[PDB]
file entry.csv (CSV, C-alpha atoms)
chain,number,residue,atom,x,y,z
A,52,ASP,CA,89.1,109.8,140.8
A,53,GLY,CA,89.3,111.5,144.2
A,54,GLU,CA,86.6,109.0,145.2
A,55,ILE,CA,86.5,105.3,146.4
A,56,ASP,CA,83.7,103.5,144.6
A,57,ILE,CA,82.3,100.3,146.2
A,58,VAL,CA,80.0,98.2,144.0
A,59,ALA,CA,77.9,95.8,146.1
A,60,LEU,CA,76.3,92.7,144.2
A,61,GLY,CA,74.1,89.8,145.0
A,62,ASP,CA,71.3,88.6,147.2
A,63,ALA,CA,69.4,89.7,150.4
A,64,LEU,CA,72.6,89.7,152.6
A,65,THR,CA,74.1,92.6,150.6
A,66,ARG,CA,70.7,94.4,150.5
A,67,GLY,CA,70.8,94.3,154.4
A,68,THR,CA,67.4,92.5,154.8
A,69,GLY,CA,67.0,91.6,158.6
A,70,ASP,CA,68.9,94.7,160.1
A,71,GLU,CA,66.7,96.9,162.4
A,72,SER,CA,68.9,99.8,161.3
A,73,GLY,CA,69.2,100.5,157.5
A,74,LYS,CA,72.9,99.4,157.9
A,75,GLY,CA,73.7,96.1,156.3
A,76,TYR,CA,77.2,94.6,156.4
A,77,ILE,CA,78.1,97.4,153.9
A,78,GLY,CA,77.5,100.3,156.3
A,79,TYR,CA,80.1,98.8,158.8
A,80,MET,CA,82.6,98.4,155.9
A,81,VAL,CA,82.1,102.1,155.0
A,82,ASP,CA,82.5,103.2,158.7
A,83,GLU,CA,85.9,101.5,158.8
A,84,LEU,CA,87.0,103.0,155.5
A,85,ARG,CA,86.0,106.5,156.8
A,86,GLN,CA,88.5,105.9,159.7
A,87,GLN,CA,91.4,105.3,157.1
A,88,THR,CA,90.8,108.2,154.7
A,89,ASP,CA,88.9,111.5,154.2
A,90,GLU,CA,88.3,110.7,150.4
A,91,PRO,CA,84.6,110.5,149.7
A,92,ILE,CA,83.2,106.9,149.7
A,93,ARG,CA,80.4,106.0,147.3
A,94,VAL,CA,78.4,102.8,147.6
A,95,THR,CA,76.5,101.6,144.6
A,96,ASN,CA,74.3,98.7,145.9
A,97,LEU,CA,72.9,96.6,143.0
A,98,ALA,CA,71.7,93.7,145.2
A,99,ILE,CA,68.3,92.0,144.8
A,100,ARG,CA,66.8,90.0,147.7
A,101,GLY,CA,65.7,87.0,145.6
A,102,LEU,CA,68.8,86.9,143.4
A,103,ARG,CA,70.5,83.6,142.5
A,104,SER,CA,73.8,82.9,140.7
A,105,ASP,CA,71.9,82.6,137.3
A,106,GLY,CA,70.2,86.0,138.0
A,107,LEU,CA,73.5,87.7,139.0
A,108,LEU,CA,75.1,86.4,135.7
A,109,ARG,CA,72.2,87.8,133.7
A,110,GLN,CA,72.3,91.1,135.6
A,111,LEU,CA,76.0,91.5,134.9
A,112,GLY,CA,75.1,91.2,131.1
A,113,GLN,CA,73.3,94.6,131.3
A,114,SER,CA,75.5,97.6,129.9
A,115,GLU,CA,74.4,100.1,132.8
A,116,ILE,CA,75.5,97.5,135.5
A,117,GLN,CA,78.6,96.9,133.3
A,118,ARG,CA,79.6,100.6,133.3
A,119,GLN,CA,79.3,100.7,137.1
A,120,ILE,CA,81.4,97.4,137.7
A,121,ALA,CA,84.1,99.0,135.4
A,122,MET,CA,84.3,102.1,137.7
A,123,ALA,CA,84.5,100.1,141.0
A,124,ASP,CA,87.6,100.5,143.1
A,125,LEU,CA,86.3,97.6,145.3
A,126,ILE,CA,83.7,94.9,144.6
A,127,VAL,CA,81.8,93.1,147.5
A,128,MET,CA,79.3,90.3,146.8
A,129,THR,CA,77.1,87.6,148.4
A,130,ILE,CA,75.6,84.9,146.2
A,131,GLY,CA,74.6,81.2,146.5
A,132,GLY,CA,72.4,81.3,149.6
A,133,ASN,CA,69.2,81.4,147.4
A,134,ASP,CA,70.7,78.6,145.1
A,135,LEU,CA,71.0,76.4,148.2
A,136,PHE,CA,67.9,77.3,150.3
A,137,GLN,CA,65.6,77.7,147.3
A,138,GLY,CA,62.4,76.8,149.1
A,139,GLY,CA,60.1,74.2,150.8
A,140,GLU,CA,62.3,75.0,153.9
A,141,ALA,CA,65.2,72.9,152.4
A,142,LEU,CA,62.4,70.5,151.1
A,143,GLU,CA,64.8,69.5,148.2
A,144,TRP,CA,67.2,67.4,150.4
A,145,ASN,CA,67.1,65.0,147.5
A,146,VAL,CA,70.9,64.3,147.0
A,147,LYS,CA,70.3,64.3,143.2
A,148,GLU,CA,68.7,67.9,143.3
A,149,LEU,CA,71.3,69.1,145.8
A,150,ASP,CA,74.1,68.0,143.4
A,151,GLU,CA,72.4,69.6,140.4
A,152,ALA,CA,71.9,72.9,142.3
A,153,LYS,CA,75.6,72.9,143.4
A,154,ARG,CA,77.1,72.1,139.9
A,155,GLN,CA,74.8,74.9,138.5
A,156,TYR,CA,75.9,77.3,141.2
A,157,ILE,CA,79.7,76.5,140.6
A,158,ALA,CA,79.3,76.8,136.8
A,159,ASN,CA,77.6,80.2,137.3
A,160,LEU,CA,80.1,81.5,139.9
A,161,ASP,CA,83.0,80.7,137.5
A,162,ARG,CA,81.3,82.8,134.7
A,163,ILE,CA,80.4,85.6,137.2
A,164,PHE,CA,84.1,86.0,138.4
A,165,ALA,CA,85.5,85.7,134.8
A,166,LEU,CA,83.0,88.4,133.6
A,167,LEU,CA,83.7,90.8,136.6
A,168,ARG,CA,87.4,90.4,135.7
A,169,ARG,CA,86.9,91.3,132.0
A,170,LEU,CA,85.0,94.4,133.2
A,171,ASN,CA,87.3,95.4,136.1
A,172,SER,CA,90.9,94.1,135.9
A,173,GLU,CA,92.3,95.6,139.2
A,174,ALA,CA,89.4,95.9,141.8
A,175,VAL,CA,89.6,93.4,144.6
A,176,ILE,CA,86.5,91.1,144.8
A,177,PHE,CA,85.3,90.0,148.3
A,178,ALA,CA,83.0,87.0,147.8
A,179,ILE,CA,81.2,86.5,151.1
A,180,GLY,CA,80.6,82.8,152.0
A,181,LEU,CA,77.5,81.1,153.6
A,182,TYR,CA,76.7,80.4,157.3
A,183,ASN,CA,74.3,77.8,158.8
A,184,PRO,CA,71.1,79.5,160.2
A,185,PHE,CA,69.7,76.0,161.1
A,186,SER,CA,72.7,74.9,163.3
A,187,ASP,CA,70.4,74.8,166.4
A,188,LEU,CA,67.6,72.5,164.8
A,189,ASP,CA,67.3,68.7,164.4
A,190,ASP,CA,69.3,68.2,161.2
A,191,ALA,CA,72.2,70.6,162.1
A,192,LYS,CA,74.9,68.0,161.3
A,193,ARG,CA,73.7,67.6,157.7
A,194,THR,CA,73.0,71.4,157.0
A,195,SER,CA,76.4,72.4,158.4
A,196,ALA,CA,78.1,69.7,156.2
A,197,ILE,CA,76.3,70.9,153.1
A,198,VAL,CA,77.1,74.6,153.8
A,199,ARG,CA,80.9,73.8,154.4
A,200,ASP,CA,80.8,71.8,151.2
A,201,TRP,CA,79.3,74.7,149.2
A,202,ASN,CA,81.8,77.2,150.8
A,203,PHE,CA,84.8,74.9,149.9
A,204,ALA,CA,83.7,74.7,146.2
A,205,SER,CA,83.1,78.6,146.1
A,206,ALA,CA,86.6,79.2,147.4
A,207,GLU,CA,88.2,76.8,144.8
A,208,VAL,CA,86.4,78.8,142.0
A,209,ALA,CA,87.6,82.1,143.6
A,210,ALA,CA,91.2,80.6,143.7
A,211,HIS,CA,91.2,80.5,139.8
A,212,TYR,CA,91.1,84.3,139.6
A,213,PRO,CA,93.5,87.1,140.8
A,214,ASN,CA,92.4,89.2,143.8
A,215,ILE,CA,89.2,87.3,144.6
A,216,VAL,CA,89.0,86.7,148.3
A,217,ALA,CA,86.5,84.2,149.7
A,218,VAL,CA,85.4,85.8,153.0
A,219,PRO,CA,84.2,83.1,155.5
A,220,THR,CA,81.1,83.7,157.6
A,221,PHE,CA,80.4,80.2,159.0
A,222,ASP,CA,82.2,80.6,162.4
A,223,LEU,CA,80.6,84.1,163.1
A,224,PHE,CA,77.2,82.2,163.4
A,225,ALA,CA,78.6,78.9,164.9
A,226,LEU,CA,77.9,79.7,168.7
A,227,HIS,CA,74.4,80.7,169.8
A,228,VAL,CA,73.2,81.3,166.2
A,229,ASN,CA,69.8,82.8,167.2
A,230,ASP,CA,71.6,85.8,168.9
A,231,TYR,CA,72.7,86.8,165.3
A,232,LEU,CA,69.4,86.0,163.4
A,233,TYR,CA,66.4,88.0,162.3
A,234,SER,CA,62.8,86.9,163.4
A,235,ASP,CA,62.7,84.7,160.2
A,236,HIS,CA,65.7,82.6,161.5
A,237,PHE,CA,67.2,82.8,158.0
A,238,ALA,CA,68.9,86.3,157.3
A,239,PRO,CA,71.1,88.1,160.0
A,240,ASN,CA,70.1,90.9,162.6
A,241,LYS,CA,71.9,94.1,163.7
A,242,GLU,CA,74.7,92.0,165.4
A,243,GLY,CA,75.0,89.4,162.7
A,244,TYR,CA,75.5,92.1,160.1
A,245,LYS,CA,78.0,94.0,162.4
A,246,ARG,CA,80.1,90.8,162.7
A,247,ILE,CA,80.1,90.3,158.9
A,248,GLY,CA,80.8,93.9,158.1
A,249,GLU,CA,83.6,94.3,160.7
A,250,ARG,CA,85.2,91.1,159.3
A,251,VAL,CA,85.2,92.3,155.6
A,252,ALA,CA,86.3,95.8,156.8
A,253,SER,CA,89.4,94.2,158.5
A,254,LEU,CA,90.5,92.9,155.0
A,255,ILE,CA,90.5,96.4,153.4
A,256,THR,CA,93.7,98.4,153.8
A,257,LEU,CA,93.9,101.6,151.8
A,258,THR,CA,97.4,103.3,151.6

call {"tool": "encode", "arguments": {"input": "entry.csv", "output": "structure tokens"}}
result
Amino acid sequence: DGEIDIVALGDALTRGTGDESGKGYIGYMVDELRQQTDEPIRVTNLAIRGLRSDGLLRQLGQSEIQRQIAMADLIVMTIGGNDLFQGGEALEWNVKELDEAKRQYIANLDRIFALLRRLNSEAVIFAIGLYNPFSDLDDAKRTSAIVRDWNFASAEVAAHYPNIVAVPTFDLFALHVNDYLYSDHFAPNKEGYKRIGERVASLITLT
């Protein structure tokens, strides 16, 4: 009260890994909010770099995390990237394993959204979607197709709940992807994180 509380959840993208400056996408969000109001803005960042949808669901079971979700005026989250690019450098391109991982991700995401809504009735949830960091490599056709497929399924889940907005990221990284990527060619850089943060910021209108 007399404060705007942003709870940030999820994986390395929300923790701002890859940005030269400490600023992730969240810092660009906050900058835009501070242009709209003089009310103090508090960020509570709960993100863990290696987090997957199963880990996020377990984390939201903890009563301290739960008290903070409940106070949120706005929730922003990024999850699924680690469910999809688990390891081996997308070694598990076995259709069977890919389907298992997706059905597991979708089942978890449904329970994450349902849980967040039982804890916080009103707060808008921005669920940031996936991009293709490998769009410039040999198997770009297939990686892009899988990412668009995951994103479509995430948005269907989001569509089951009030005030959950699936924020697309795919087209921000579509042209000249390396210009927006860290030295690891996976997570974003300064510019990548600016693009994402400005995009999410555009969707927030306080009044």

call {"tool": "closest_residue", "arguments": {"input": "entry.csv", "among": "A:64, A:102, A:215, A:58", "to": "residue 233 in chain A", "atoms": "only C-alpha atoms"}}
result
A:64

call {"tool": "closest_residue", "arguments": {"input": "entry.csv", "among": "A:172, A:65, A:214, A:240", "to": "residue 128 in chain A", "atoms": "all atoms listed in the file"}}
result
A:65

call {"tool": "residues_around", "arguments": {"input": "entry.csv", "residues": "residue 237 in chain A", "least_positions_apart": "2", "cutoff": "9 Å", "atoms": "all atoms listed in the file", "output": "PyMOL selection string"}}
result
chain A and resi 69+183-185+232-235+239

call {"tool": "closest_residue", "arguments": {"input": "entry.csv", "among": "A:134, A:207, A:89, A:82", "to": "residue 62 in chain A", "atoms": "all atoms listed in the file"}}
result
A:134

call {"tool": "closest_residue", "arguments": {"input": "entry.csv", "among": "A:100, A:85, A:154, A:109", "to": "residue 132 in chain A", "atoms": "all atoms listed in the file"}}
result
A:100

call {"tool": "residues_around", "arguments": {"input": "entry.csv", "residues": "residue 59 in chain A", "least_positions_apart": "6", "cutoff": "10 Å", "atoms": "only C-alpha atoms", "output": "list in words"}}
result
residues 65, 66, 77, 94, 95, 96, 97, 98, 120, 123, 125, 126, 127, 128, 129, 176 and 177 of chain A

call {"tool": "residues_near_point", "arguments": {"input": "entry.csv", "point": "(76.9, 83.0, 140.4)", "cutoff": "7 Å", "atoms": "all atoms listed in the file", "output": "PyMOL selection string"}}
result
chain A and resi 103-105+107-108+130-131+156+159-160+163

call {"tool": "closest_residue", "arguments": {"input": "entry.csv", "among": "A:57, A:111, A:141, A:208", "to": "residue 80 in chain A", "atoms": "all atoms listed in the file"}}
result
A:57

call {"tool": "atom_distance", "arguments": {"input": "entry.csv", "atom1": "CA of residue 173 in chain A", "atom2": "CA of residue 124 in chain A"}}
result
7.8 Å

call {"tool": "decode", "arguments": {"input": "entry.csv", "residues": "range 92-104 of chain A", "atoms": "N, CA and C atoms", "output": "JSON list (two decimals), in the first residue's frame"}}
result
[["chain", "number", "residue", "atom", "x", "y", "z"],
["A", 92, "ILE", "N", 8.62, 1.64, -6.29],
["A", 92, "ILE", "CA", 8.47, 0.34, -6.98],
["A", 92, "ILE", "C", 9.49, -0.62, -6.42],
["A", 93, "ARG", "N", 8.99, -1.72, -5.85],
["A", 93, "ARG", "CA", 9.82, -2.78, -5.24],
["A", 93, "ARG", "C", 9.82, -4.00, -6.16],
["A", 94, "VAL", "N", 11.01, -4.48, -6.48],
["A", 94, "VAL", "CA", 11.16, -5.76, -7.20],
["A", 94, "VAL", "C", 11.60, -6.80, -6.18],
["A", 95, "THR", "N", 10.86, -7.89, -6.12],
["A", 95, "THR", "CA", 11.24, -9.14, -5.43],
["A", 95, "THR", "C", 11.54, -10.19, -6.50],
["A", 96, "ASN", "N", 12.83, -10.39, -6.82],
["A", 96, "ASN", "CA", 13.28, -11.40, -7.82],
["A", 96, "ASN", "C", 13.57, -12.76, -7.16],
["A", 97, "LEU", "N", 12.74, -13.77, -7.44],
["A", 97, "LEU", "CA", 12.86, -15.12, -6.84],
["A", 97, "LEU", "C", 13.45, -16.12, -7.84],
["A", 98, "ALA", "N", 13.94, -15.65, -8.97],
["A", 98, "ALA", "CA", 14.31, -16.52, -10.10],
["A", 98, "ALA", "C", 15.58, -17.28, -9.76],
["A", 99, "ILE", "N", 15.68, -18.48, -10.30],
["A", 99, "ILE", "CA", 16.91, -19.32, -10.18],
["A", 99, "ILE", "C", 17.31, -19.75, -11.59],
["A", 100, "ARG", "N", 18.57, -19.59, -11.93],
["A", 100, "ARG", "CA", 19.09, -19.80, -13.31],
["A", 100, "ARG", "C", 18.66, -21.16, -13.88],
["A", 101, "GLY", "N", 18.84, -22.25, -13.12],
["A", 101, "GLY", "CA", 18.61, -23.63, -13.59],
["A", 101, "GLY", "C", 17.19, -24.11, -13.37],
["A", 102, "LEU", "N", 16.27, -23.22, -13.05],
["A", 102, "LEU", "CA", 14.88, -23.61, -12.72],
["A", 102, "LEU", "C", 14.11, -24.10, -13.94],
["A", 103, "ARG", "N", 13.33, -25.16, -13.72],
["A", 103, "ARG", "CA", 12.41, -25.78, -14.70],
["A", 103, "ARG", "C", 11.03, -25.69, -14.10],
["A", 104, "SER", "N", 10.01, -25.97, -14.89],
["A", 104, "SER", "CA", 8.59, -25.86, -14.49],
["A", 104, "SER", "C", 8.31, -26.71, -13.24]]
